[PDB]
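> Chains as they are written, first to last, in the entry's author numbering: chain J, 111 to 428, 438 to 445; chain P, 7 to 42; chain S, 37 to 138; chain D, 2 to 115; chain G, 1 to 97; chain C, 71 to 101; chain K, 32 to 89, 104 to 150, 159 to 184, 194 to 217; chain O, 12 to 105, 144 to 246; chain A, 699 to 858. Note that CB positions come from ideal geometry on N, CA and C, so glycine has one too. One structure is given below, represented as structure tokens, and several questions about it will come after.
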Amino acid sequence: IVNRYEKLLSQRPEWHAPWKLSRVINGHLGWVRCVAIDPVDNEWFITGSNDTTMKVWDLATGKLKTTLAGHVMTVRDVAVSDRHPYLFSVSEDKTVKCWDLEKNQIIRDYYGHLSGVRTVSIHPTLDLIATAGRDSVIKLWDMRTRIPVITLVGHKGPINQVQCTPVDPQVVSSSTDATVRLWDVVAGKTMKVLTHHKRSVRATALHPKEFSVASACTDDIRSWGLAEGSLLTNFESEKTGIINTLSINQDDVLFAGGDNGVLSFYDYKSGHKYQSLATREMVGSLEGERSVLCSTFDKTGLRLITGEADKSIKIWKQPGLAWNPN
Amino acid sequence: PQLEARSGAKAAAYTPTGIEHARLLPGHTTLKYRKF
Amino acid sequence: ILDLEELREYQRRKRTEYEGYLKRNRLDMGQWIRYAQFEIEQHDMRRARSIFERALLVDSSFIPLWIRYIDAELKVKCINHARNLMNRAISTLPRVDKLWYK
Amino acid sequence: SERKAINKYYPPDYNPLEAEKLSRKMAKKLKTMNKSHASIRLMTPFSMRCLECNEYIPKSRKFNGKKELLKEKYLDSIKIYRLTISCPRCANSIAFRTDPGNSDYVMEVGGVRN
Amino acid sequence: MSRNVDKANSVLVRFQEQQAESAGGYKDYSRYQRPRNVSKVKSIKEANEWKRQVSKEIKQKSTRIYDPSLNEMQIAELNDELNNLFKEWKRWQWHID
Amino acid sequence: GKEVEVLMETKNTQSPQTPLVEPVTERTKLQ
Amino acid sequence: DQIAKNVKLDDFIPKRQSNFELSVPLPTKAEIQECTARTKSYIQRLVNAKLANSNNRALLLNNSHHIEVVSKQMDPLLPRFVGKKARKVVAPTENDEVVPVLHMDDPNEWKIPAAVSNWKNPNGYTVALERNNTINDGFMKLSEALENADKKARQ
Amino acid sequence: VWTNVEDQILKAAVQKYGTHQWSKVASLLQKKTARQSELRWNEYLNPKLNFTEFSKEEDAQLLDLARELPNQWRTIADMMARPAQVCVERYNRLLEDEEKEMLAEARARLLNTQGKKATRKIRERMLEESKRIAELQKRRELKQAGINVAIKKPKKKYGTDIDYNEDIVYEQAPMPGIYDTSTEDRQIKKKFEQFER
Amino acid sequence: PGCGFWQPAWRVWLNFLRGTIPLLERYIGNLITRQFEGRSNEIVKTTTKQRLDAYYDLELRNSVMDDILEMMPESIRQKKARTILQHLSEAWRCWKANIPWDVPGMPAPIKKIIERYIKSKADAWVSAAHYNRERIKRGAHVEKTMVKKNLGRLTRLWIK
């Protein structure tokens with residue numbers, strides 16, 4: 111309609127600074143298909159991989175702190191907790207393990223997932239984590255009693271990212287069924303099922319200050335306030351690659367990594383793509399490989415960290440692009 | 007043949023068994039915390 | 037297939053076979069439609085209807101299943117039910133062209 | 002309960018000789034043990050054609066045969082055996098004999114070697 | 001004593017069977033061959049059991065003889081076997097009681 | 071190539087610097 | 032009309048596209064706390080129940110009429126939960142309300166061939182045989207060096 | 012030494028089997044060897060190899076190569092895109146019953162997509178079918194007596210899919226609901242009673 | 699013979715029994731529970747040496763399939779999934795052999811993705827092989843089968 115387009119044209123987005131590559135830390139001998147940082151501090155960030163390991167990394171130096179070898183198969187995801195000094199990690203060996211960070215050694219392997227487990231999210235407020243695998247089910251664990259407390263049946267296929275919010279919409283799943291769910295853990299049921307994607311929403315992330323949750327199928331990055339479970343915006347992601355990552359920055363600077371490796375940045379809520387970045391790879395590696403598989407920002411937000419399939423981790427420092444809608 | 011690949015996994019909830027698994031046994035009841 | 041009992045035996049066997057094939061490849065959707073067709077042929081409309089529903093539940097995003105089901109509903113001059121089914125389909129999937137057209 | 006079991010339990014009254022005698026008495030009556038064509042598992046050395054349906058059962062192919070004693074021995078004190086087989090497709094009873102003069106077998110109205 | 005038959009006809013098992021027969025009267029009329037000449041069986045129960053066994057055998061024969069490769073000679077042979085079985089059954093229905 | 075070129079540093083990291091036993095977080099509470 | 036009711040237009044519409052200053056508020060601290068309490072209580076309760084269920088050690106009314114419920118101490122030898130026996134149970138989905146599954150909107162390239170392995174044929178399905195020149199200066203130069211050398215040696 | 016029928020068979024096998032599976036093929040040709048078979052294939056059988064002759068320029072090139080890679084002949088062949096022995100030759104320049150039987154065997158092999166498990170299963174099915182028909186026949190014979198058809202014995206609590214209705218999913222109560230459907234169903238069922246009769 | 703003084707031995711046995719009490723209560727108790735109510739849906743565990751590799755392969759396959767799904771539109775995609783899997787397998791085989799896996803109909807993107815995953819596999823595989831070799835060199839509880847595999851794999855690598 112003309113009534114909306116005109117309005118869109120009238121409104122302007124804020125000039126977010128562009129992004130330039132800063133650090134590249136070829137250290138893993140495998141994909142680096144998870145990355146995470148400490149809520150409390152931003153000194154280190156760990157990165158689980160197809161190595162089977164996960165390595166810890168000092169941001170400032172870029173130096174490899176230490177390794178951790180508590181899986182058999184490849185690590186798919188990790189989550190350092192704000193409220194406790196535990197690092198949860200999870201691998202396609204079906205193990206959702208829990209590393210003490212006072213001793214850097216596993217403690218509570220949680221057992222229950224029938225098959226390769228894709229993501230963890232620690233609940234920001236509770237002493238409870240949430241994991242989901244190709245199982246097609248998101249189980250919540252009491253961390254003390256290392257048992258699945260509840261489980262969330264709804265989904266009809268493998269479930270990827272499964273973020274935890276502190277409100278009522280306490281889990282924000284995202285499947286290959288292309289539904290992204292909002293659940294009520296307490297009710298033992300769904301509350302609202304965002305079906306707006308076309309394909310496997312293989313990426314989703316909570317906004318820090320804004321109580322919303324960007325989510326990405328093969329192209330269209332939707333983003334939504336999950337209070338009602340209502341759409342907020344659609345991003346200009348029109349011919350970008352298969353969106354692997356979908357991290358959001360503190361300053362409303364949503365990042366999206368592709369299977370292409372084209373690092374695409376967007377103003378959040380606007381839905382305005384305001385940068386593209388061509389990937390890079392090593393002289394030995396192939397041009398098809400290069401692809402940002404996992405990524406996240408620091409708590410401040412000036413450094414984006416992208417794990418790419420070059421067996422690398424690339425950290426990114428910081438005139439905006441013209442609007443032009445449909 | 008029946009040596010066959012696959013399409014999808016599963017997750018169906020039954021009545022719990024009440025079996026005393028070895029790992030499930032208590033351990034690390036104390037959760038640590040952060041300073042703040 | 038002379039007697040009623042014989043027919044029942046045959047039919048039962050067929051049903052069992054279908055079930056067996058489903059249990060493995062639940063997410064197939066060709067098998068399901070075949071099963072539905074068989075049911076229709078047998079002139080047990082309930083059973084056929086159930087099968088179609090089950091198939092839909094398995095894979096809601098599969099237009100062929102929907103369309104075949106609709107056809108089946110219409111075939112038995114059971115229009116109102118068919119209409120309802122169509123409506124349901126529409127509700128499920130607006131942005132598919134075909135259901136609306138149908 | 003375990004394949005390498007040292008001692009099988011016997012009742013408190015088990016006169017072993019007496020037991021044996023009893024068994025013998027109830028061996029003529031017995032169905033199995035008082036019969037011929039006792040089963041066996043064997044691979045086929047000849048590699049031959051099933052004469053009915055021409056199914057080319059090759060060398061070393063495994064079958065659940067029936068071994069039976071041929072009363073007419075070779076020479077004097079070295080026995081020879083009929084070794085029944087079935088063709089996979091058609092259920093024709095193939096068999097062969099083990100005449101040890103040539104250190105090899107003889108076909109017995111079942112199939113032909115090739 | 002691989003393949004189960006040997007185990008079944010192992011001496012211990014036989015002894016056990018004998019014991020059972022002696023005390024309580026457990027026979028397995030499956031296990032022994034049915035006698036050729038009837039009227040060497042004064043007991044009725046035994047006779048009945050034998051009859052039952054023969055009936056079972058007949059049934060078994062019947063089940064197999066309607067197989068798809070009907071032109072094979074085994075089936076033909078069985079037809080005579082079936083007849084024999086029937087005859088036996090008839091005989092077993094003697095009129096002493 | 072471009073990761074190598076310009077001002078942006080590539081760090082090759084085989085060896086972990088900080089030891090394996092040492093903690094990644096500590097919890098001291100009263101002397 | 033019913034169909035219309037079932038699926039509405041505002042679902043397809045993003046809400047922020049019209050109003051940018053509009054922001055979803057980060058939830059109230061008190062509210063958050065309450066939520067935590069609710070879930071914490073519930074999850075704790077669930078865990079307790081689970082523990083109780085595990086076989087290792089360590104009032105009501107019907108109609109108008111009032112009725113006292115009790116729990117008798119069963120003998121500690123007999124199975125605690127004599128009801129349960131590890132039964133398979135298929136459940137119905139029971140989804141009465143209809144999920145709206147909304148969306149928006159070269160074929161010869163995206164089509165992928167049917168490859169045939171040089172190592173494997175599951176079915177044994179036969180198929181009609183579906184199964194640089196420049197060399198470096200050295201390879202001439204070397205030869206020249208060699209032959210010439212040989213000639214020299216000879217002469 | 013290689014006969015032509017045998018060669019043909021080998022070629023056929025290769026299309027059936029796989030140019031990296033030289034045991035089965037060897038077996039198929041009773042006299043020729045596994046490692047030999049592969050060699051033979053490399054030499055003659057594979058179409059992509061240009062066994063045929065070529066122009067003068069090519070010949071010249073070959074000779075040049077020969078001069079400058081002293082009889083490193085496989086390499087030369089590779090460079091050419093030609094086979095080796097033929098190239099070398101060029102450079103230099105400048144019973145019935147058995148056949149019948151083997152062919153029969155080979156034909157049987159290549160055609161039949163079968164083995165133990167494939168053959169057994171179908172056969173078993175056929176047997177089952179036969180049994181079922183026999184049962185039916187028996188019941189027909191004893192029709193004047195009241196006879197019931199034997200059910201498939203259950204193994205661990207399964208459903209007989211005649212009765213009970215199997216795991217039903219709903220009709221889903223909609224808005225334009227009309228009660229003629231039931232009537233229609235009844236009508237349909239009426240006919241089947243007649244059929245049964 | 700005739701030395702009494704069974705006390706310390708007795709004490710030792712008592713103490714041994716203490717340990718058992720617990721173990722037996724889990725074990726025997728568990729058994730009896732099973733007998734009354736015998737388990738529903740057990741979950742195997744890939745941290746086992748056995749089954750690890752297969753599981754990994756399966757996971758990889760799944761990932762590849764997902765990627766392909768993400769890539770482009772399809773109608774009746776189930777059938778195509780199998781084909782994709784087959785292609786992947788072929789590619790892997792080629793890599794193992796050191797044959798270039800060039801198929802003309804394979805479209806650039808899909809092909810590229812397949813190549814990337816086979817590279818990943820190789821990385822995972824080669825490294826694993828190396829590790830195994832190292833273990834063997836040390837004398838560190840290698841499986842006979844595992845050792846054989848290493849010998850084979852390593853040979854293949856060498857050839858490549």
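Just checking: is the beta-carbon of G:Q33 within a distance shorter than 8 Å of some beta-carbon in chain D?
Yes - at least one Cβ of chain D is within 8 Å of the one on G:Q33.
> With a threshold of 7 Å (Cβ to nearest heavy atom), would G:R91 be considered close to the ligand MG?
This structure simply doesn't include the ligand MG, nor any ligand for that matter.
> Using a Cβ-Cβ cutoff of 8 Å, what residues of the segment 263 to 295 of chain J are near chain P? List them in chain order.
Hits within the stretch, in order: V263, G267, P268.
> Does the beta carbon of S:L129 come closer than 8 Å to any beta carbon on chain K?
Interface residue, yes.
> Give every residue of the same chain whose Cβ lies closer than 6 Å to the Cβ of J:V182, excluding the five residues on either side of it in the sequence, and list them in chain order.
Cβ-Cβ distances below 6 Å link J:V182 to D203 in the same chain, with the five nearest sequence neighbours on each side left out; the list follows chain order.
> For a contact meaning CB atoms closer than 9 Å, what does D:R83 contact in chain O?
What D:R83 touches in chain O: nothing, since even the nearest Cβ is about 25 Å away.
> Helix, strand or coil: which one does DSSP assign to J:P258?
strand
> Determine which residues share a DSSP beta bridge with J:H382 and list them.
Answer is J:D377.
> Is the distance from the Cβ of J:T205 to the Cβ of J:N270 below 8 Å?
Result no, Cβ atoms of J:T205 and J:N270 do not sit closer than 8 Å.
> Along chain B, which residues have their Cβ under 9 Å away from the Cβ of G:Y29?
Chain labels in this structure do not include chain B; the protein chains are J, P, S, D, G, C, K, O and A.
> Could you check how far apart the C-beta atoms of A:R759 and A:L722 are, in whole angstroms? I think they sit under 8 Å.
Incorrect: roughly 44 Å between the Cβ atoms, too far for contact.
> Give every residue of the same chain whose Cβ lies closer than 8 Å to the Cβ of J:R186, excluding the five residues on either side of it in the sequence, and list them in chain order.
So the list reads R143, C144, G158, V200, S201, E202, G226, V227, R228, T229, once near-sequence residues are dropped.
> CB-CB under 7 Å to A:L715, same chain, minus the five flanking residues each way: which ones, in chain order?
none
> DSSP three-state call for J:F198: helix, strand or coil?
Here J:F198 carries a strand assignment [DSSP, helix/strand/coil].
> Going along the chain, which residues of the segment 16 to 30 of chain P sit with their C-beta nearer than 8 Å to a C-beta in chain A?
The residues in question are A18, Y20, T21, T23, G24, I25, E26, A28.
> Mind checking whether K:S170 and A:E788 have CB atoms under 8 Å apart?
yes
> Who are the neighbours of J:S246 on chain P, taking C-beta pairs under 9 Å?
Proximity of chain P to J:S246 at the Cβ level (cut-off 9 Å) is accounted for by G14, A15, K16, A17, in chain order.
> Since S:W102 contacts S:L135 with CB under 8 Å, what's their CB separation in whole angstroms?
6 Å
> What is the DSSP secondary structure of S:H117, counted as helix, strand or coil?
In this structure, S:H117 counts as helix in the three-state DSSP scheme.
> For the alpha helix (DSSP H) that contains residue 31 of chain S, what are its first and last residues?
Given a span of 37 to 138 for chain S in the structure shown, any question on residue 31 of chain S remains unanswerable.
> Looking at C-alpha atoms only, which residue of J:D420, J:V295, J:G222 is the closest neighbour of P:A18?
Relative to the Cα of P:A18, the nearest Cα in the group J:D420, J:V295, J:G222 belongs to J:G222.
> Note the first and the last residue of the continuous alpha helix (DSSP H) segment covering residue 1 of chain D.
Lying outside 2 to 115, the shown extent of chain D, residue 1 of chain D is not represented and no answer is given.
> Please report the Cβ distance between D:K63 and D:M44, rounded to the nearest whole angstrom; I am assuming they are in contact, meaning their Cβ atoms lie under 8 Å.
Between D:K63 and D:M44, the beta carbon gap of about 5 Å places them in contact (Cβ cut-off 8 Å).
> Which residues bound the beta strand (DSSP E) around K:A131?
No beta strand (DSSP E) holds K:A131; DSSP gives it neither H nor E.
> Examine chain K for any beta-carbon lying closer than 8 Å to the beta-carbon of A:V710, and answer yes or no.
Taking Cβ atoms only, chain K never reaches closer than 8 Å to A:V710, which makes this a no.
> Could you say which of D:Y82, D:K60, D:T99 lies nearest to D:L70 if we only look at CA atoms?
Nearest C-alpha to D:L70 among D:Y82, D:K60, D:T99: D:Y82.
> So which residues of chain K does S:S96 contact, with C-beta pairs closer than 8 Å?
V144, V146
> Just how far apart, CA to CA, sit K:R216 and O:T63?
40 Å
> For O:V25, report the span of its alpha helix (DSSP H) as first-last.
15 to 27
> Which residues does DSSP pair with D:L31 in a beta bridge?
G:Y32
> Sort out for me which residues DSSP pairs J:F365 with in a bridge.
J:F375
> At which residues does the alpha helix (DSSP H) containing K:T70 begin and terminate?
Counting along the chain, the unbroken alpha helix (DSSP H) around K:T70 starts and ends at 60 to 84.
> Use the C-beta contact count for A:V710: other C-beta atoms within 10 angstroms, 16 or more gives buried, fewer gives exposed.
In the assembly as shown, A:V710 is an exposed residue. Its beta-carbon has fewer than 16 other beta-carbons within 10 Å.
> Between which two residues does the beta strand (DSSP E) harbouring D:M49 extend?
D:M49 -> beta strand (DSSP E) spans 49 to 51.
> Compare the C-beta of C:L100 against all C-beta atoms of chain J and say whether one is closer than 8 Å.
no
> Would you report the Cα separation of K:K164 and S:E55, rounded to the nearest angstrom?
33 Å
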